[PDB]
Amino acid sequence: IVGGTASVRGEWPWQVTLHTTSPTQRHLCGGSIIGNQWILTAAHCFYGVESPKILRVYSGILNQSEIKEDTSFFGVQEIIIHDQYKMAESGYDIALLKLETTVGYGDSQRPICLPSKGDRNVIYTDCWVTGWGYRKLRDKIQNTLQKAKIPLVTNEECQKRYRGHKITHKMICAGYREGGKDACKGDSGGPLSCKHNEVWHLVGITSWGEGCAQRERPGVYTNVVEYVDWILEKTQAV
Ligand SMILES: CN1CCN(C(=O)C[C@H](NC(=O)/C=C/c2cc(Cl)ccc2-n2cnnn2)c2nc(-c3ccc4[nH]c(=O)cc(O)c4c3)c(Cl)[nH]2)CC1
C-alpha cells in the first residue's frame, strides 16, 4: 500500500495473508474471508503454484511478525481458479480457496458481506484498499497491515487512463487523478472494502495497475458484484 497508514488490530477482520512454503515460507498475496471455509482472492497469485499443499492461510493477523513456525494456520484443500482466467490484465482475475478446516468466527476474524445485485446501481463513497505490500515500487513486504482510502473511478474514466487495454464492466477502478494512494506488489488478492449503510461489502479484489500510485493510473480491481453467481456456484455446489 502506497501513501497508506498502519491499520489497528481488528479493523479488517476478513483480511488474510496467504503464504507459500516453496522454496521458503513467505507472504504471497492477500485474500478475504467470505464463508467458514472460503477465501476469495486473485487468480494471478497462483502462477507457478503446482499444488495447494504449499499454501498456508493466516487470519487474525495485524503484523507478519506474529507469524512463526508455531503460529496456527488454515491448510488449503482446493484452489478454484475461474475457467476464463488467462492473465490479470484480461480479467476474470478471481479465485477461491477451500480450506481444510472451518474458520471459527470472532472479533479477530469474520466474513465480509458480498455485494448485492440490487447494489450494482448504488455509489460507494467510503472505499479502502488494504495489504502488507510495498510502500514504493522497489521496497519490501511490510510488517503491519496498511490501509488507504481511495475514490472509486467510473469505467469510462478508467478506460481513458488505460489506452491499449480493454477495461470491462467486470473490472472496477480506484485512484486519485493525481496518484499518491494505491495498492502495490504484495497487496494483490486482497480486498477493496466499501462501507454502505453501516455494512462493509467486498466490492473489489486487488488485481493490477501500471506501476504503483502514479497520477492518472488508478488501480484495477475485479468487480466482485459481477462474480456473485460464480461464487455461489462454487460455494453452494450440491
Ligand atoms: C508469477 N506471478 C506474477 C504475478 N503475481 C503477483 O502476486 C503480483 C503481485 N502484485 C501485487 O500484489 C499488486 C499489484 C498492483 C495492484 C494494483 Cl490494484 C495496482 C498496482 C499494482 N502494481 C503495479 N506495479 N506493482 N504493483 C506481486 N506480489 C509480489 C510479492 C508478493 C509477496 C512477496 N513476499 C516476500 O516475502 C517478498 C517479495 O518480494 C514478495 C513480492 C510482487 Cl513482486 N508482485 C503472482 C506471481
# chains A, B, ... in the order shown; residues from 1 in each chain; ligands from 1

call {"tool": "select_by_dssp", "arguments": {"residues": "stretch 84-196 of chain A", "states": "helix (DSSP H, G or I)", "output": "JSON, numbers by chain"}}
result
{"A": [88, 89, 90, 117, 118, 119, 155, 156, 157, 158, 159, 160, 161]}

call {"tool": "residues_around", "arguments": {"residues": "residue A:166", "least_positions_apart": "6", "cutoff": "12 Å", "atoms": "only C-alpha atoms", "output": "JSON, numbers by chain"}}
result
{"A": [88, 89, 90, 91, 155, 156, 158, 159, 160, 220]}

call {"tool": "write_last_selection", "arguments": {"atoms": "N, CA, C and O atoms", "output": "CSV table (one decimal), in the first residue's frame"}}
result
chain,number,residue,atom,x,y,z
A,88,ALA,N,-4.2,-11.2,-15.4
A,88,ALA,CA,-4.9,-10.1,-14.6
A,88,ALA,C,-5.4,-9.0,-15.5
A,88,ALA,O,-6.6,-8.7,-15.4
A,89,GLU,N,-4.6,-8.6,-16.5
A,89,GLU,CA,-5.0,-7.5,-17.4
A,89,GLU,C,-6.1,-7.8,-18.3
A,89,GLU,O,-6.7,-6.9,-18.9
A,90,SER,N,-6.5,-9.1,-18.5
A,90,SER,CA,-7.6,-9.5,-19.3
A,90,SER,C,-8.9,-9.9,-18.5
A,90,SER,O,-9.9,-10.1,-19.1
A,91,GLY,N,-8.8,-9.8,-17.2
A,91,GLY,CA,-10.0,-10.1,-16.3
A,91,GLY,C,-10.1,-11.4,-15.8
A,91,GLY,O,-9.2,-12.3,-15.9
A,155,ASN,N,-15.7,3.5,-15.1
A,155,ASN,CA,-15.2,2.6,-16.1
A,155,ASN,C,-14.7,3.4,-17.3
A,155,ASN,O,-13.7,3.2,-17.9
A,156,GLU,N,-15.6,4.5,-17.7
A,156,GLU,CA,-15.3,5.4,-18.8
A,156,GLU,C,-14.0,6.1,-18.5
A,156,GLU,O,-13.2,6.2,-19.4
A,158,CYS,N,-11.6,5.2,-16.3
A,158,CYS,CA,-10.5,4.2,-16.2
A,158,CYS,C,-10.1,3.8,-17.6
A,158,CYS,O,-8.9,3.5,-17.8
A,159,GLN,N,-11.0,3.7,-18.6
A,159,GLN,CA,-10.7,3.3,-19.9
A,159,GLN,C,-9.8,4.4,-20.6
A,159,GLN,O,-8.8,4.0,-21.2
A,160,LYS,N,-10.1,5.7,-20.4
A,160,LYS,CA,-9.2,6.8,-20.9
A,160,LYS,C,-7.8,6.7,-20.3
A,160,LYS,O,-6.9,6.9,-21.0
A,220,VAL,N,-6.7,-1.3,-10.7
A,220,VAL,CA,-7.7,-2.1,-11.4
A,220,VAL,C,-8.0,-3.3,-10.5
A,220,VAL,O,-7.1,-4.0,-10.1

call {"tool": "residues_around", "arguments": {"residues": "residue A:218", "least_positions_apart": "2", "cutoff": "9 Å", "atoms": "only C-alpha atoms", "output": "PyMOL selection string"}}
result
chain A and resi 153+158+161+173-177+179+182+209-210+212-216+220

call {"tool": "residues_near_ligand", "arguments": {"ligand": "ligand 1", "cutoff": "7 Å", "atoms": "only C-alpha atoms and all ligand atoms", "output": "NGL selection string"}}
result
:A and (26-29 or 44-48 or 133 or 137 or 140-141 or 182-188 or 206-212 or 219-221)

call {"tool": "write_last_selection", "arguments": {"atoms": "N, CA, C and O atoms", "output": "CSV table (one decimal), in the first residue's frame"}}
result
chain,number,residue,atom,x,y,z
A,26,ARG,N,7.0,-17.5,2.7
A,26,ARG,CA,6.9,-16.1,2.6
A,26,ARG,C,5.4,-15.7,2.3
A,26,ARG,O,4.7,-16.5,1.8
A,27,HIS,N,5.1,-14.4,2.5
A,27,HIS,CA,3.7,-13.9,2.2
A,27,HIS,C,3.7,-13.8,0.7
A,27,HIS,O,4.7,-13.5,0.0
A,28,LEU,N,2.6,-14.3,0.1
A,28,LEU,CA,2.4,-14.4,-1.3
A,28,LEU,C,1.4,-13.3,-1.8
A,28,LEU,O,1.7,-12.6,-2.8
A,29,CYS,N,0.2,-13.3,-1.1
A,29,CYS,CA,-0.9,-12.4,-1.5
A,29,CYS,C,-1.8,-12.2,-0.3
A,29,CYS,O,-1.7,-13.0,0.7
A,44,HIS,N,-4.2,-14.6,-10.4
A,44,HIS,CA,-2.8,-14.5,-10.9
A,44,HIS,C,-1.8,-14.8,-9.7
A,44,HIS,O,-0.6,-15.1,-10.1
A,45,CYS,N,-2.3,-14.8,-8.5
A,45,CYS,CA,-1.5,-15.2,-7.3
A,45,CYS,C,-0.9,-16.6,-7.3
A,45,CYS,O,0.1,-16.9,-6.7
A,46,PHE,N,-1.6,-17.5,-8.1
A,46,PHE,CA,-1.1,-18.9,-8.1
A,46,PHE,C,-0.3,-19.3,-9.3
A,46,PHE,O,0.0,-20.4,-9.6
A,47,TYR,N,0.2,-18.3,-10.1
A,47,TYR,CA,1.1,-18.6,-11.2
A,47,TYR,C,2.3,-19.3,-10.7
A,47,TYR,O,3.0,-18.9,-9.8
A,48,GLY,N,2.5,-20.5,-11.3
A,48,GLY,CA,3.6,-21.4,-10.8
A,48,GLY,C,3.3,-22.3,-9.6
A,48,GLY,O,4.0,-23.3,-9.4
A,133,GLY,N,1.7,-5.2,1.2
A,133,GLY,CA,2.5,-4.9,0.1
A,133,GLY,C,3.5,-3.8,0.2
A,133,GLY,O,3.5,-3.0,1.2
A,137,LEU,N,7.7,1.3,-5.4
A,137,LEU,CA,7.9,0.2,-6.4
A,137,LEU,C,9.1,-0.8,-6.1
A,137,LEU,O,8.9,-2.0,-6.4
A,140,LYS,N,9.8,-3.6,0.2
A,140,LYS,CA,9.7,-5.0,0.7
A,140,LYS,C,8.3,-5.1,1.3
A,140,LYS,O,7.6,-4.2,1.5
A,141,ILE,N,8.0,-6.4,1.7
A,141,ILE,CA,6.7,-6.7,2.4
A,141,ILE,C,6.7,-6.0,3.8
A,141,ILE,O,7.7,-6.1,4.5
A,182,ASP,N,-2.5,3.9,-3.5
A,182,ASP,CA,-2.8,2.8,-4.4
A,182,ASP,C,-2.3,1.5,-3.8
A,182,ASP,O,-1.6,1.6,-2.8
A,183,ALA,N,-2.7,0.4,-4.3
A,183,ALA,CA,-2.2,-0.9,-4.0
A,183,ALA,C,-0.9,-1.1,-4.7
A,183,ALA,O,-0.6,-0.4,-5.7
A,184,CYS,N,0.0,-2.0,-4.2
A,184,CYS,CA,1.3,-2.3,-4.8
A,184,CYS,C,1.6,-3.8,-4.6
A,184,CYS,O,0.8,-4.5,-4.1
A,185,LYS,N,2.8,-4.2,-5.1
A,185,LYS,CA,3.3,-5.5,-5.0
A,185,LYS,C,3.1,-6.1,-3.6
A,185,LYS,O,3.7,-5.6,-2.7
A,186,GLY,N,2.4,-7.2,-3.5
A,186,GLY,CA,2.1,-7.9,-2.2
A,186,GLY,C,0.7,-7.7,-1.7
A,186,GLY,O,0.3,-8.3,-0.7
A,187,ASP,N,0.0,-6.8,-2.4
A,187,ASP,CA,-1.4,-6.4,-2.0
A,187,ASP,C,-2.4,-7.2,-2.7
A,187,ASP,O,-3.5,-7.4,-2.2
A,188,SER,N,-2.1,-7.7,-4.0
A,188,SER,CA,-3.0,-8.4,-4.9
A,188,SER,C,-3.7,-9.6,-4.2
A,188,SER,O,-3.2,-10.2,-3.3
A,206,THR,N,-7.9,-6.7,-5.3
A,206,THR,CA,-6.7,-6.0,-5.9
A,206,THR,C,-6.2,-6.9,-7.0
A,206,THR,O,-6.0,-8.1,-6.9
A,207,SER,N,-6.0,-6.3,-8.2
A,207,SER,CA,-5.6,-7.1,-9.3
A,207,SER,C,-4.4,-6.6,-10.0
A,207,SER,O,-3.3,-7.2,-10.0
A,208,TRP,N,-4.5,-5.4,-10.7
A,208,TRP,CA,-3.4,-4.9,-11.4
A,208,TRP,C,-3.4,-3.3,-11.6
A,208,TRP,O,-4.4,-2.7,-11.2
A,209,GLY,N,-2.3,-2.8,-12.1
A,209,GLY,CA,-2.1,-1.4,-12.4
A,209,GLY,C,-0.8,-1.1,-13.1
A,209,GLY,O,0.1,-2.0,-13.1
A,210,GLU,N,-0.6,0.0,-13.7
A,210,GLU,CA,0.6,0.4,-14.4
A,210,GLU,C,1.4,1.1,-13.3
A,210,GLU,O,1.1,2.3,-13.0
A,211,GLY,N,2.4,0.5,-12.7
A,211,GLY,CA,3.3,0.9,-11.6
A,211,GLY,C,2.4,1.0,-10.4
A,211,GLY,O,1.2,0.6,-10.4
A,212,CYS,N,2.9,1.7,-9.3
A,212,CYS,CA,2.1,1.9,-8.1
A,212,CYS,C,1.9,3.5,-7.9
A,212,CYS,O,2.8,4.2,-8.0
A,219,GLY,N,-5.8,2.0,-9.7
A,219,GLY,CA,-5.7,0.6,-9.5
A,219,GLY,C,-6.9,-0.1,-10.2
A,219,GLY,O,-7.9,0.5,-10.3
A,220,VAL,N,-6.7,-1.3,-10.7
A,220,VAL,CA,-7.7,-2.1,-11.4
A,220,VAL,C,-8.0,-3.3,-10.5
A,220,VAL,O,-7.1,-4.0,-10.1
A,221,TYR,N,-9.3,-3.4,-10.2
A,221,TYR,CA,-9.8,-4.5,-9.3
A,221,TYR,C,-10.8,-5.4,-10.0
A,221,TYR,O,-11.6,-4.9,-10.8

call {"tool": "closest_residue", "arguments": {"among": "A:127, A:87, A:18, A:99", "to": "residue A:59", "atoms": "only C-alpha atoms"}}
result
A:18

call {"tool": "residues_around", "arguments": {"residues": "residue A:60", "least_positions_apart": "6", "cutoff": "7 Å", "atoms": "only C-alpha atoms", "output": "PDB file with N, CA and C atoms, in the first residue's frame"}}
result
ATOM      1  N   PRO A  13     -11.226  -7.591   9.869  1.00  0.00           N
ATOM      2  CA  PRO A  13     -11.188  -9.000  10.286  1.00  0.00           C
ATOM      3  C   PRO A  13     -11.334 -10.033   9.150  1.00  0.00           C
ATOM      4  N   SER A 108     -11.480 -11.147  15.990  1.00  0.00           N
ATOM      5  CA  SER A 108     -10.246 -11.090  15.186  1.00  0.00           C
ATOM      6  C   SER A 108     -10.395 -11.570  13.738  1.00  0.00           C
ATOM      7  N   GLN A 109     -11.413 -12.398  13.451  1.00  0.00           N
ATOM      8  CA  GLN A 109     -11.638 -12.974  12.110  1.00  0.00           C
ATOM      9  C   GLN A 109     -13.113 -13.256  11.869  1.00  0.00           C
TER      10      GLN A 109
END

call {"tool": "closest_residue", "arguments": {"among": "A:223, A:235, A:36, A:22", "to": "residue A:51", "atoms": "only C-alpha atoms"}}
result
A:22

call {"tool": "residues_around", "arguments": {"residues": "stretch 64-67 of chain A", "least_positions_apart": "4", "cutoff": "8 Å", "atoms": "only C-alpha atoms", "output": "VMD selection string"}}
result
chain A and resid 71 142 to 144
